Amino acid sequence: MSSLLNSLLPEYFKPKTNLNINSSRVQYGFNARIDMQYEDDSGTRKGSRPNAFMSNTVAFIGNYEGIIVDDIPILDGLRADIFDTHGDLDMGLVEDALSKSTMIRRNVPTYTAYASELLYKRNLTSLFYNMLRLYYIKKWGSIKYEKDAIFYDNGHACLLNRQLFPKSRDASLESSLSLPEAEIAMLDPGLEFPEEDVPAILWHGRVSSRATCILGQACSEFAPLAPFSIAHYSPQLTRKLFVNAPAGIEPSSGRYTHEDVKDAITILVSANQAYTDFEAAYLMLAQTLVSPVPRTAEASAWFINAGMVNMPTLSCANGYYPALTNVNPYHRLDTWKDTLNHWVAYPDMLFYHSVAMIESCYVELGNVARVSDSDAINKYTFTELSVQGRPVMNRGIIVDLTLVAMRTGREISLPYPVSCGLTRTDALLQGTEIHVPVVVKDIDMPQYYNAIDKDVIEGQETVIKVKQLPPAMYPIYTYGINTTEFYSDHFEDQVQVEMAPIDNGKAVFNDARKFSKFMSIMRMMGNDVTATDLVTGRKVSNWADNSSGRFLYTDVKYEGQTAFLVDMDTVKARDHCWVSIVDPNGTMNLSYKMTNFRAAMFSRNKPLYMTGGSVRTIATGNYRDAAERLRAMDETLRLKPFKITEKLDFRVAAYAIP
Amino acid sequence: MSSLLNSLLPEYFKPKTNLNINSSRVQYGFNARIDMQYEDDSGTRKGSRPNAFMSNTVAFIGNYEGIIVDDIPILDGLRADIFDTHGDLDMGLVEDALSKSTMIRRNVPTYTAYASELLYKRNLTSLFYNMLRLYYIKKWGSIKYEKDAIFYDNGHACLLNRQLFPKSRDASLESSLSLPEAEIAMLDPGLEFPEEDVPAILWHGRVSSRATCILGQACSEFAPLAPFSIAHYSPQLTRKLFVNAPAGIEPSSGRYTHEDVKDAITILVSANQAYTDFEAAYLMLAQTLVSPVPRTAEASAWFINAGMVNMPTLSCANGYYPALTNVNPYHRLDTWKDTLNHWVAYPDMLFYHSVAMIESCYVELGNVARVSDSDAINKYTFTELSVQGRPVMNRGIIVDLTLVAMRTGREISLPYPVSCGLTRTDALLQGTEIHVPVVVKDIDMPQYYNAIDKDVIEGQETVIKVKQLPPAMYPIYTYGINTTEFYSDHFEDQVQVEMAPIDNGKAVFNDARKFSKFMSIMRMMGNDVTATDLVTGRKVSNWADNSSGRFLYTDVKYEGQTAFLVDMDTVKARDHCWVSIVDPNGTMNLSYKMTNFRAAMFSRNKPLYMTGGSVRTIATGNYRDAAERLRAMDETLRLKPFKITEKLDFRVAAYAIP
Amino acid sequence: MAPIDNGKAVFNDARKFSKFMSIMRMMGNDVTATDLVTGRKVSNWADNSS
C-alpha cells in the first residue's frame, strides 16, 4: 500500500528515484538548527547550535523463519457477473458463467463441483513475496557479512555477530543462497480433472527461457548461510506449477539479471489480475527488508528469539478455468492498481517506506512496554480493541498497522483483512527477564550495566539482565507529528525545573519527573553529568546514546521507585555553546526553537547521495466512472487509533479512546 | 432444513467456510471474562479471570445400526397438471398425460394399469444419505481410532474404548470400509411390463465413469471395522439399480475424489426433481455425524446399547415414466431448494449444524429425565402433545425436532411429516438400571461412585449402577437464551450462606437449591470443596468435571433427604487465577458477572482456527434477483475509444478516457 | 504503588510518611524503614504508652 507508507515520510523530504546501497548499515537523520535561551536566579544567557545531527542506524541483518499457514481468499480479479447484488460469491451464477462461455456443455456439472472447492482458497501473495526477494538479492548482491564484526559498541560493553547469530559463516548476499528449481510443467487444454495440491497460473504469449528459471526458484526452499533480512529461511511453496500458455514453455536457462525478474512480475500480475495479491506482498516485505540497530545495549533483547513470518499457502485455479477471469474484473477500491504502478516505476523507493514502517512500530512499542497490566488497553488486549473486521487471527500485518495508527493518529483501512507477515510482539508477551550476551571492554562495566558477575576482566564474555524492554529507536521521520512527554520531541518547548540544594558537592533528586527535566536541560547545553541511583547503587549517565542527542528515563535501567544523588563537582564539558553554564542557581528555564531541517544519509562513515531524477506523483481518484459509493463496509479491515493521556506517575503510560 | 438449524447458532458466532479437522475429538466452547467477588463481615476479596474457557468435548465415534422401515411417499417433484385441487394424484389425468407424450403406443395400456402402485413409490432419502456419508469419508479420511485409548477419565474412574466397543480393530476412517459395488444396468425403453421391487432413476446426458462407482457403492452394505459415526452399519439398499440414460452407462472407474460425489448429487437432484428428499437426508446426517463425550463417568449409560437408525426403503419409479417429470413441478413451500443450495456452497457448515442439534437434544433430555411419571407432560407422553401433524410413528427426526422446539421455545415447521433418522430416547423409556463398566485408578473409589464392590485394588474392572440418567452435555451455544434454575446458566448470580461465629467453620445446607450454587461458584474461584451427607454417609466433590467447570445436583448420584455438612477449614486451592478463603467469620456472599463472549475451538491440545470466506445467510430472493436481472446487458461487443493527449516530453504517450 | 514495583515504596513527602507509619502501628504491624541518603533506620514501634 504505497499511498499509506508514502504519507509517513516528513513533508520537507521528497526522495529521488535511485539509491546505490553498498553496505549492510545505513544512518538516516536530519541537520537541524537549535536556538536555546537560558534564564535562572544568577542571570540570563543566550546561545545557538548551528548544525546538530539527530539520526538512527538501520541494518540488513535479522534472524527470521517462515511458516506456511491457511489464510482468507482474495476475491479480486474474478468477473463481476458471478457476484450477486451484495459482495458475496454465489455458486448459482458460477454454473451460468461457465455454461455460456463454451460449446462442450457435458463438462459443466464437473467444472462447477471443483470450482466451488478451489475459489475459497486462492492466494498468490507468497509467490510475489519470493519473486520480490529474488529481485533485491540480484540488485544489492555485493553486501558482505563478517562474523567477527561489531553489532553494538558504546565503550564499556560490546556485542559481536558471533553472539546473537550462532550457526553462521562469512559470505556475500549472492553467495548466501544456492536455490534449486521446481518442475514448471505445461497444462495441455483437454485435461478434465484438476490434479489436487498443484496451482495453475495464466501467462501472456510464450514463457521466456529466463522466466522459467525465476518461477522455478521462487517456489523452491530458501536455506541461507549468513543471516540476511531478504534471504530468511522459507519452507517449500509447491512441488509442481502448471502454466496455461497457448505457446509451449522453453527449458530453464540457469542465469537471469535483476531486470528479467521485473518482466516476470509485470506479466504474471496482468494475466491473472492479481493486483491486490501484490499489495499484500509489498507491505509484507516492508516489515522484513530492514531491521533496527539497537539504541542502547539493553535494546538487543528484541532480536534474540527468531520472529515467525506467516507466509500464506499457494493455491490458484485460473489456469484450469480461464472463463472466470475476463475483461470486467470485480474490485472493492478504485485505487486497486496503484501499488504495482508505484513499484514498477520506482523500485528503490521500498527502502524509504520500510524504514518509515519499522521506525513507527519500534517507537510506539516503547510506550506499550511501559503500560501497567491492570488497565482496559494493555499489551495483551490492545490489538483486539483496535481492529474492526473479521480476520483469521490478530497476527502479522494487523499488529504492525495497529501500531502505525497509534503513532500517526489516523484511521488506516485495507480492502481485505489479510493476516500475513512478521509478528514482532514475542519478546514483549512473556513475564521473564531476557539474558543478552555481552563482551567486557572496560574493567568498570559492572557499575553501569546489571551484570551477573560483579568482578570482570577486559576480554571476558558475561551476560546482562533486561526486565523491561527499552525503546530500540528514537523518532526521526515521525518527529513532532504527535508529541508525548516521554520522548519530548517538540519543535518549541519551555522546560522549567527547580534545582535541589547542593549540600557538600551532591544534589538529591527524590522526584522522578524533576530528575528527567534536569538531565534533559544539561544535555541540550552539553554537560556530561553522572548520578548514583541510591537503591541499586549503579551509576546513570545522560550521555548514553551519541547518535540521537536526547535523554530518555529508560537509560536509568531500573523499573520501580528510587532517589538519585547527582555529582555536581565532576560535571565535564564535552560540547560547549555560549548558552552552556556549569553552576545552575534556583529555578532553571530553557526555551529552544528547532528550524532549517534537511535530510542526510551516511553509509560506511561517508555521505550516501541519492542519484537519478525527481519522483513525479502517480495516484488515482476515488471514482473512475462510478456513480454511487456502495459503501460495502462489512468485510473491510479498519484500525482505530489510541491517544496517550499523561498522568502524575510519569514512569507508567496509559491509553484512552479519542 | 438449513434455515431452522442456522438460527440455533449464537449471535457472536461468525462462521467461515473451511474447517481443517485432523482428529477424532474437538473441544468447541467460548472465552468469557468472569469478575468474581467474595463479601464478608471482615472485608471483600475481588478476583478476575480474563480468559475463562467453558467447553463441551465432541467425538467422531458412536455405535449405530441401520434398519430398513416403510415410510410415507414424498410427492414433491411430479408435474402440477396430474394433481387435483385437494393435492393427490387424480388418475385419469395420468392416462391423459401418458397418451399425449413420446411413449411407445403398445406400452400405454399396460403401463397405465401399473401406475396405481408405482407412482406412490417416491422416497430417495436412503440414497442421498449414503452418498453424503461417502463425501465426508473421503474428505476427513486421515482421522485415526486407537483400540487402547481413553474414552473418559476423571482421576478416580477410567473408561477405555475396549470396554464400550468390543469386536473393534484399530484403523483409519479411509481403511475402515471396503464397499462392494452393486450392478448399475441401463433401462431398455422398449420393456414389456415394468419390474417392481427394482428402482429406476433419471440422469442428465451420459453417466460418467466415476458416477457409476459412486452409485454402485452408495446402494451397498456398510460393514465397518472401527466404530465410526459416518461409517456405521447399514443394510443393502438394493441389489440392482436401473438408470434411464439414452447415452450409455460407462463402466466403473474404481477410484474417485470427494469433489466427484458433489457432481453425482447435483445431477441426481436436478434430473429427478427431489429437493425435499435431500432436506430429509440432510437432517438425518445432522443427528448422527458426531456423538458427545460424556460430561461425567456415570453419563456413559446413554451410549451402552446401540441406538437404531430408521432408513426408509429405496423406491423410485421415474425411469418408467419420463413424461410425468418436467420443468413445472408441484411443491408445497416456495423455499424448497434452500437446503441443497446451502450444502453445495458451504459443505463444512454441517459440522456446526450437527453440534447445535445434539447439544439442544442432550441438554433437554437432561431435565426431562428429572420429572415424575404421575404428570401430564412426562417421559412417555412429551412427543404426542407437541406434534400437530400425521406421522406414521413418533420416531427418528420428530423426537429430535420436538426437543429443539422445547429448548429454543419456537414453532418448527416441515413440509412433509417424515419419520426417519436416529432415535435417542431409548435408555430413558426403558426405566431400568444400566451397568456401565469402569477400570479403577485410586483405591478410595466406591465412596464417591455407587459401585458394585466396596473394596477394589487399583487396575480392577468394576461396574457402576446408574439409576437416574445425568445430563450428557452442558448448554454452551444455548447459554442464557431459555434459562432454567437446574443448569443455572445466568450472566449474573449470587448465593448467601448464613453462619455464626459460635460455629467453627461447619455449615449444614438444609436447602438443596443454594447448596448447588455454593459448590458451583466455589469451583469458578478455584477451591476444592468436599461435602459429606449426614443421613446416608456418602461424599460429593465439586471437582467432578474438566470441561464446563460447573456443579450440577445430579453429581450426588443419590435422591434422598438433604443434610450436607461442609467443613470450611479443609478447602484447598487447586487452580490458578483464584480468590482465597483463608478464615471466614459471619455471613458469606459470593457473586460473579460474565461480560463478553469470543468463540474458540481446540483439537489435539492446540487451537483450531476457522479459514476461508465469510459465510452469508443465503435467501431464495438473492439468486432469483439475478434471474430477474438476467444480465439484460445485450451481449453486443461495444468497443469505446481513447483519445491520445500530448504533453511536455512528447517521447512517452498518455491516453485519456473521453 | 504500581504492580511493577515488588512491594518497595519510596516516600518523597515527609508528612504522609508520618501518617502511614502511625496508622500501621494502630493496626499492630512492625514496619522498619531505611533512609537512602544517610543510611540510618527508623521503627514505628518506638513507644509503649500512646
# chains A, B, ... in the order shown; residues from 1 in each chain; ligands from 1

$ residues_around --residues "residue 249 in chain B" --least-positions-apart "2" --cutoff "9 Å" --atoms "only C-alpha atoms" --output "VMD selection string"
chain B and resid 184 to 186 206 to 209 212 243 245 to 247 251

$ select_by_dssp --residues "range 338-493 of chain B" --states "helix (DSSP H, G or I)" --output "PyMOL selection string"
chain B and resi 338-345+347-368+383-386+397-408+427-430

$ calpha_fit_rmsd --fixed "chain B" --moving "chain A"
14.3 Å

$ residues_around --residues "range 439-446 of chain A" --least-positions-apart "6" --cutoff "7 Å" --atoms "only C-alpha atoms" --output "MDAnalysis selection string"
chainID A and resid 155:159 454 456:462

$ write_last_selection --atoms "C-alpha atoms" --output "mmCIF file, in the first residue's frame"
data_model
loop_
_atom_site.group_PDB
_atom_site.id
_atom_site.type_symbol
_atom_site.label_atom_id
_atom_site.label_comp_id
_atom_site.auth_asym_id
_atom_site.auth_seq_id
_atom_site.Cartn_x
_atom_site.Cartn_y
_atom_site.Cartn_z
ATOM 1 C CA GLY A 155 32.717 1.979 25.122
ATOM 2 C CA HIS A 156 32.040 -0.118 28.307
ATOM 3 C CA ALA A 157 30.235 -3.116 26.640
ATOM 4 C CA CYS A 158 30.267 -4.697 23.095
ATOM 5 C CA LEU A 159 28.164 -7.286 21.109
ATOM 6 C CA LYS A 454 30.245 -8.201 39.715
ATOM 7 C CA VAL A 456 35.248 -8.931 35.443
ATOM 8 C CA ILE A 457 38.423 -8.573 33.238
ATOM 9 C CA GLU A 458 38.767 -6.940 29.727
ATOM 10 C CA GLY A 459 38.082 -9.812 27.225
ATOM 11 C CA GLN A 460 35.666 -11.916 29.410
ATOM 12 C CA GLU A 461 32.204 -12.859 27.943
ATOM 13 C CA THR A 462 29.456 -12.217 30.611
#

$ closest_atom_pairs --of "chain A" --to "chain C" --cutoff "7 Å" --atoms "only C-alpha atoms" --output "CSV"
residue,atom,partner,partner_atom,distance
A:510,CA,C:12,CA,5.8
A:511,CA,C:12,CA,6.7
A:534,CA,C:36,CA,6.0
A:535,CA,C:36,CA,6.9
A:559,CA,C:4,CA,6.9
A:560,CA,C:5,CA,4.8
A:561,CA,C:10,CA,6.1
A:562,CA,C:10,CA,6.5

$ residues_around --residues "residue 483 in chain B" --least-positions-apart "5" --cutoff "12 Å" --atoms "only C-alpha atoms" --output "PyMOL selection string"
chain B and resi 363-364+367+406-409+475-476+478+488-491

$ interface_residues --of "chain A" --to "chain B" --cutoff "10 Å" --atoms "only C-alpha atoms" --output "short mmCIF file (atom, residue, chain, number, x, y, z; two decimals) with N, CA, C and O atoms, in the first residue's frame"
data_model
loop_
_atom_site.label_atom_id
_atom_site.label_comp_id
_atom_site.auth_asym_id
_atom_site.auth_seq_id
_atom_site.Cartn_x
_atom_site.Cartn_y
_atom_site.Cartn_z
N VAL A 69 0.85 -21.21 6.48
CA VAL A 69 -0.46 -21.19 7.20
C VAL A 69 -1.58 -20.94 6.18
O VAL A 69 -1.28 -20.43 5.08
N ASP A 70 -2.81 -21.30 6.53
CA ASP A 70 -4.03 -21.10 5.71
C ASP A 70 -4.69 -19.78 6.11
O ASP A 70 -4.97 -19.61 7.32
N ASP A 71 -4.92 -18.88 5.14
CA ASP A 71 -5.47 -17.51 5.34
C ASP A 71 -6.73 -17.35 4.47
O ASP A 71 -7.12 -18.34 3.82
N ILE A 72 -7.34 -16.16 4.48
CA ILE A 72 -8.60 -15.85 3.74
C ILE A 72 -8.30 -15.82 2.24
O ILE A 72 -7.16 -15.58 1.84
N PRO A 73 -9.30 -16.06 1.36
CA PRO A 73 -9.15 -15.84 -0.08
C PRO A 73 -9.34 -14.37 -0.48
O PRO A 73 -10.23 -13.73 0.07
N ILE A 74 -8.52 -13.87 -1.41
CA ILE A 74 -8.63 -12.51 -2.01
C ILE A 74 -9.48 -12.63 -3.28
O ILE A 74 -8.95 -13.13 -4.29
N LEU A 75 -10.74 -12.19 -3.22
CA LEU A 75 -11.73 -12.28 -4.33
C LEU A 75 -11.68 -10.98 -5.16
O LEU A 75 -12.69 -10.26 -5.19
N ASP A 81 -19.95 -10.66 -12.83
CA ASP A 81 -21.31 -11.25 -13.05
C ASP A 81 -21.57 -12.39 -12.06
O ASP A 81 -22.75 -12.56 -11.69
N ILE A 82 -20.54 -13.14 -11.64
CA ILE A 82 -20.68 -14.31 -10.71
C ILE A 82 -21.07 -13.80 -9.30
O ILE A 82 -21.72 -14.57 -8.57
N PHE A 83 -20.67 -12.58 -8.94
CA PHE A 83 -21.07 -11.90 -7.68
C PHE A 83 -22.50 -11.38 -7.82
O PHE A 83 -22.84 -10.85 -8.90
N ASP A 84 -23.31 -11.52 -6.76
CA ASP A 84 -24.75 -11.13 -6.73
C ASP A 84 -24.85 -9.62 -6.47
O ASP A 84 -23.85 -8.91 -6.71
N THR A 85 -26.01 -9.14 -6.01
CA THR A 85 -26.30 -7.70 -5.73
C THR A 85 -25.40 -7.21 -4.58
O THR A 85 -24.90 -6.08 -4.68
N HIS A 86 -25.23 -8.04 -3.55
CA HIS A 86 -24.29 -7.82 -2.42
C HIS A 86 -22.89 -8.31 -2.83
O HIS A 86 -22.76 -8.88 -3.93
N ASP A 88 -20.92 -10.92 -2.34
CA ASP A 88 -20.88 -12.36 -1.98
C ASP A 88 -20.78 -13.20 -3.26
O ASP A 88 -21.44 -12.83 -4.26
N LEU A 89 -20.00 -14.29 -3.22
CA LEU A 89 -19.75 -15.20 -4.37
C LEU A 89 -20.81 -16.31 -4.37
O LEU A 89 -20.73 -17.21 -3.50
N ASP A 90 -21.77 -16.24 -5.30
CA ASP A 90 -22.90 -17.19 -5.45
C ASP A 90 -22.51 -18.30 -6.44
O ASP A 90 -22.06 -17.96 -7.55
N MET A 91 -22.68 -19.57 -6.04
CA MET A 91 -22.36 -20.76 -6.88
C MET A 91 -23.46 -20.99 -7.92
O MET A 91 -23.18 -21.71 -8.91
N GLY A 92 -24.65 -20.43 -7.71
CA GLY A 92 -25.76 -20.41 -8.69
C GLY A 92 -25.37 -19.70 -9.98
O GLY A 92 -25.83 -20.15 -11.05
N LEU A 93 -24.55 -18.65 -9.89
CA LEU A 93 -24.14 -17.78 -11.04
C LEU A 93 -22.84 -18.28 -11.68
O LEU A 93 -22.62 -17.95 -12.86
N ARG A 105 -20.84 -28.72 -23.40
CA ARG A 105 -21.68 -28.49 -22.18
C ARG A 105 -21.78 -29.76 -21.33
O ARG A 105 -22.50 -29.71 -20.31
N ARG A 106 -21.08 -30.84 -21.70
CA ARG A 106 -21.01 -32.11 -20.92
C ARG A 106 -20.20 -31.89 -19.63
O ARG A 106 -20.51 -32.58 -18.63
N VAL A 108 -19.85 -29.12 -17.68
CA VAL A 108 -20.34 -28.01 -16.81
C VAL A 108 -20.61 -28.54 -15.39
O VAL A 108 -20.19 -27.90 -14.43
N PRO A 109 -21.34 -29.67 -15.20
CA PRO A 109 -21.56 -30.22 -13.86
C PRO A 109 -20.27 -30.56 -13.08
O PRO A 109 -20.24 -30.31 -11.89
N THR A 110 -19.25 -31.10 -13.76
CA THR A 110 -17.94 -31.48 -13.18
C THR A 110 -17.14 -30.22 -12.83
O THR A 110 -16.59 -30.16 -11.71
N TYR A 111 -17.07 -29.26 -13.76
CA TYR A 111 -16.34 -27.97 -13.64
C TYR A 111 -16.83 -27.18 -12.42
O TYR A 111 -15.97 -26.64 -11.68
N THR A 112 -18.15 -27.10 -12.22
CA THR A 112 -18.82 -26.34 -11.13
C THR A 112 -18.44 -26.93 -9.76
O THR A 112 -18.21 -26.13 -8.83
N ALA A 113 -18.40 -28.26 -9.64
CA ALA A 113 -18.13 -29.01 -8.39
C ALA A 113 -16.72 -28.70 -7.87
O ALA A 113 -16.57 -28.47 -6.66
N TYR A 114 -15.72 -28.72 -8.77
CA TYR A 114 -14.28 -28.47 -8.44
C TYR A 114 -14.04 -26.98 -8.17
O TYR A 114 -13.28 -26.68 -7.23
N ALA A 115 -14.66 -26.10 -8.96
CA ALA A 115 -14.54 -24.62 -8.86
C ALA A 115 -15.01 -24.14 -7.49
O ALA A 115 -14.35 -23.24 -6.93
N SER A 116 -16.10 -24.71 -6.96
CA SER A 116 -16.73 -24.34 -5.66
C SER A 116 -15.76 -24.58 -4.50
O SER A 116 -15.81 -23.80 -3.52
N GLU A 117 -14.91 -25.61 -4.59
CA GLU A 117 -13.94 -26.02 -3.53
C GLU A 117 -12.65 -25.18 -3.62
O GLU A 117 -12.04 -24.97 -2.55
N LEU A 119 -12.15 -21.93 -5.32
CA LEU A 119 -12.32 -20.44 -5.33
C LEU A 119 -12.17 -19.85 -3.92
O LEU A 119 -11.70 -18.70 -3.82
N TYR A 120 -12.54 -20.60 -2.87
CA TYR A 120 -12.49 -20.16 -1.45
C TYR A 120 -11.08 -20.30 -0.87
O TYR A 120 -10.90 -19.93 0.31
N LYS A 121 -10.11 -20.82 -1.64
CA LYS A 121 -8.66 -20.79 -1.30
C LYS A 121 -7.86 -20.40 -2.55
O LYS A 121 -7.32 -21.31 -3.22
N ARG A 122 -7.80 -19.10 -2.85
CA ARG A 122 -6.96 -18.50 -3.92
C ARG A 122 -6.13 -17.37 -3.31
O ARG A 122 -6.73 -16.45 -2.72
N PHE A 193 -10.05 -33.37 -15.01
CA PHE A 193 -9.95 -33.38 -13.53
C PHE A 193 -8.70 -32.60 -13.12
O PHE A 193 -7.59 -33.03 -13.41
N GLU A 196 -4.94 -32.33 -7.62
CA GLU A 196 -5.07 -31.62 -6.32
C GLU A 196 -3.68 -31.20 -5.82
O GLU A 196 -2.69 -31.87 -6.18
N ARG A 390 -12.95 -8.95 10.60
CA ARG A 390 -13.02 -10.39 10.98
C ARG A 390 -11.88 -11.14 10.31
O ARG A 390 -12.10 -11.85 9.33
N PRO A 391 -10.63 -11.00 10.80
CA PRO A 391 -9.51 -11.81 10.32
C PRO A 391 -9.52 -13.22 10.94
O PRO A 391 -10.31 -13.46 11.84
N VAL A 392 -8.64 -14.10 10.45
CA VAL A 392 -8.45 -15.49 10.99
C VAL A 392 -7.87 -15.38 12.41
O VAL A 392 -8.38 -16.08 13.30
N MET A 393 -6.85 -14.54 12.59
CA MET A 393 -6.12 -14.35 13.87
C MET A 393 -5.41 -12.99 13.86
O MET A 393 -4.90 -12.59 12.79
N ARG A 624 -13.58 6.46 -11.05
CA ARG A 624 -13.22 6.47 -12.50
C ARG A 624 -14.46 6.91 -13.29
O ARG A 624 -14.43 8.02 -13.86
N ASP A 625 -15.51 6.08 -13.31
CA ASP A 625 -16.86 6.40 -13.87
C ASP A 625 -17.93 5.73 -13.01
O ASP A 625 -18.93 5.24 -13.58
N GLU A 635 -16.91 -6.24 5.37
CA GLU A 635 -15.75 -7.17 5.23
C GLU A 635 -14.42 -6.41 5.39
O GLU A 635 -13.43 -7.05 5.80
#

$ residues_around --residues "residue 501 in chain B" --least-positions-apart "5" --cutoff "10 Å" --atoms "only C-alpha atoms" --output "PyMOL selection string"
chain B and resi 584-587

$ write_last_selection --atoms "N, CA, C and O atoms" --output "PDB file, in the first residue's frame"
ATOM      1  N   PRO B 584     -13.057 -17.632  57.201  1.00  0.00           N
ATOM      2  CA  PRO B 584     -14.285 -16.834  57.194  1.00  0.00           C
ATOM      3  C   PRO B 584     -14.945 -16.734  58.578  1.00  0.00           C
ATOM      4  O   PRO B 584     -14.821 -17.668  59.353  1.00  0.00           O
ATOM      5  N   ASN B 585     -15.622 -15.611  58.845  1.00  0.00           N
ATOM      6  CA  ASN B 585     -16.413 -15.369  60.084  1.00  0.00           C
ATOM      7  C   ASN B 585     -17.639 -14.511  59.734  1.00  0.00           C
ATOM      8  O   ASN B 585     -17.454 -13.430  59.140  1.00  0.00           O
ATOM      9  N   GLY B 586     -18.839 -14.994  60.080  1.00  0.00           N
ATOM     10  CA  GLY B 586     -20.129 -14.333  59.799  1.00  0.00           C
ATOM     11  C   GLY B 586     -20.749 -14.819  58.500  1.00  0.00           C
ATOM     12  O   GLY B 586     -20.420 -15.944  58.069  1.00  0.00           O
ATOM     13  N   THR B 587     -21.618 -13.998  57.896  1.00  0.00           N
ATOM     14  CA  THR B 587     -22.373 -14.313  56.653  1.00  0.00           C
ATOM     15  C   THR B 587     -21.461 -14.115  55.437  1.00  0.00           C
ATOM     16  O   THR B 587     -20.823 -13.048  55.348  1.00  0.00           O
TER      17      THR B 587
END

$ atom_distance --atom1 "CA of residue 213 in chain B" --atom2 "CA of residue 318 in chain B"
21.4 Å

$ decode --residues "range 404-422 of chain B" --atoms "N, CA and C atoms" --output "PDB file, in the first residue's frame"
ATOM      1  N   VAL B 404     -35.778 -29.756  20.308  1.00  0.00           N
ATOM      2  CA  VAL B 404     -35.190 -28.456  19.859  1.00  0.00           C
ATOM      3  C   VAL B 404     -36.228 -27.340  20.057  1.00  0.00           C
ATOM      4  N   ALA B 405     -37.504 -27.614  19.756  1.00  0.00           N
ATOM      5  CA  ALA B 405     -38.644 -26.678  19.916  1.00  0.00           C
ATOM      6  C   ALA B 405     -38.809 -26.286  21.392  1.00  0.00           C
ATOM      7  N   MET B 406     -38.606 -27.235  22.314  1.00  0.00           N
ATOM      8  CA  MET B 406     -38.671 -27.015  23.788  1.00  0.00           C
ATOM      9  C   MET B 406     -37.485 -26.153  24.248  1.00  0.00           C
ATOM     10  N   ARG B 407     -36.296 -26.355  23.666  1.00  0.00           N
ATOM     11  CA  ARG B 407     -35.034 -25.663  24.054  1.00  0.00           C
ATOM     12  C   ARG B 407     -35.109 -24.186  23.650  1.00  0.00           C
ATOM     13  N   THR B 408     -35.253 -23.908  22.351  1.00  0.00           N
ATOM     14  CA  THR B 408     -35.282 -22.538  21.767  1.00  0.00           C
ATOM     15  C   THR B 408     -36.581 -21.825  22.166  1.00  0.00           C
ATOM     16  N   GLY B 409     -37.704 -22.553  22.202  1.00  0.00           N
ATOM     17  CA  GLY B 409     -39.039 -22.017  22.532  1.00  0.00           C
ATOM     18  C   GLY B 409     -39.695 -21.372  21.323  1.00  0.00           C
ATOM     19  N   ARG B 410     -39.636 -22.046  20.168  1.00  0.00           N
ATOM     20  CA  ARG B 410     -40.214 -21.594  18.871  1.00  0.00           C
ATOM     21  C   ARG B 410     -40.972 -22.755  18.213  1.00  0.00           C
ATOM     22  N   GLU B 411     -41.695 -22.462  17.126  1.00  0.00           N
ATOM     23  CA  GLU B 411     -42.520 -23.432  16.354  1.00  0.00           C
ATOM     24  C   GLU B 411     -41.725 -23.894  15.127  1.00  0.00           C
ATOM     25  N   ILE B 412     -41.344 -25.176  15.092  1.00  0.00           N
ATOM     26  CA  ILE B 412     -40.608 -25.820  13.960  1.00  0.00           C
ATOM     27  C   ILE B 412     -41.640 -26.415  12.991  1.00  0.00           C
ATOM     28  N   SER B 413     -41.534 -26.072  11.702  1.00  0.00           N
ATOM     29  CA  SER B 413     -42.465 -26.474  10.615  1.00  0.00           C
ATOM     30  C   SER B 413     -41.686 -27.170   9.492  1.00  0.00           C
ATOM     31  N   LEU B 414     -42.084 -28.402   9.146  1.00  0.00           N
ATOM     32  CA  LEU B 414     -41.561 -29.186   7.991  1.00  0.00           C
ATOM     33  C   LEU B 414     -42.686 -29.379   6.975  1.00  0.00           C
ATOM     34  N   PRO B 415     -42.372 -29.495   5.661  1.00  0.00           N
ATOM     35  CA  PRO B 415     -43.401 -29.631   4.629  1.00  0.00           C
ATOM     36  C   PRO B 415     -44.108 -30.997   4.633  1.00  0.00           C
ATOM     37  N   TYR B 416     -43.365 -32.082   4.888  1.00  0.00           N
ATOM     38  CA  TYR B 416     -43.869 -33.481   4.940  1.00  0.00           C
ATOM     39  C   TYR B 416     -43.594 -34.076   6.319  1.00  0.00           C
ATOM     40  N   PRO B 417     -44.562 -34.802   6.930  1.00  0.00           N
ATOM     41  CA  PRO B 417     -44.349 -35.443   8.230  1.00  0.00           C
ATOM     42  C   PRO B 417     -43.560 -36.755   8.081  1.00  0.00           C
ATOM     43  N   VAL B 418     -42.272 -36.641   7.737  1.00  0.00           N
ATOM     44  CA  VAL B 418     -41.338 -37.791   7.531  1.00  0.00           C
ATOM     45  C   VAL B 418     -40.803 -38.229   8.901  1.00  0.00           C
ATOM     46  N   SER B 419     -40.721 -39.545   9.130  1.00  0.00           N
ATOM     47  CA  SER B 419     -40.265 -40.182  10.395  1.00  0.00           C
ATOM     48  C   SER B 419     -39.087 -41.121  10.103  1.00  0.00           C
ATOM     49  N   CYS B 420     -37.903 -40.543   9.863  1.00  0.00           N
ATOM     50  CA  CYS B 420     -36.635 -41.256   9.549  1.00  0.00           C
ATOM     51  C   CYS B 420     -35.464 -40.601  10.290  1.00  0.00           C
ATOM     52  N   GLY B 421     -34.476 -41.406  10.697  1.00  0.00           N
ATOM     53  CA  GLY B 421     -33.246 -40.961  11.385  1.00  0.00           C
ATOM     54  C   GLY B 421     -33.005 -41.725  12.678  1.00  0.00           C
ATOM     55  N   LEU B 422     -32.072 -41.239  13.499  1.00  0.00           N
ATOM     56  CA  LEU B 422     -31.686 -41.851  14.802  1.00  0.00           C
ATOM     57  C   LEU B 422     -32.771 -41.550  15.844  1.00  0.00           C
TER      58      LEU B 422
END
